[PDB]
Structures are given as C-alpha cells and as structure tokens.
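For reference, the structure is listed below as structure tokens.
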Amino acid sequence: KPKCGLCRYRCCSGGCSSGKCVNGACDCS
C-alpha cells in the first residue's frame, strides 16, 4: 500500500513529510 513522503518510501507530490525527495523517494539519509 502507499503512504509516501516518509523515508525511502516515495515522494508524495514532491515535498516530503520527513526527509527530502531524491527524485523518486524521500532521502531520509
């Protein structure tokens, strides 16, 4: 299931909750 915006998860729209969207997933790192 999706949830996105979190970490490694994906970006939702292009503006994470947690990290920083790498291109295609949130760069929590």
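How things are named: the first chain in the structure tokens is A, the next is B, and so on; residues count from 1 in each chain; ligands count from 1 in the order shown.
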> Which polymer residues have any atom within 12 Å of an atom of residue A:3, counting only C-alpha atoms, with same-chain residues fewer than 6 positions away left out, as a PyMOL selection string?
Replying inline: chain A and resi 9-13+16-17+25-26
> Near residue A:29, within 10 Å and counting only C-alpha atoms, which residues show up once chain neighbours fewer than 3 positions away are dropped, as an MDAnalysis selection string?
Replying inline: chainID A and resid 7:8 19:20 26
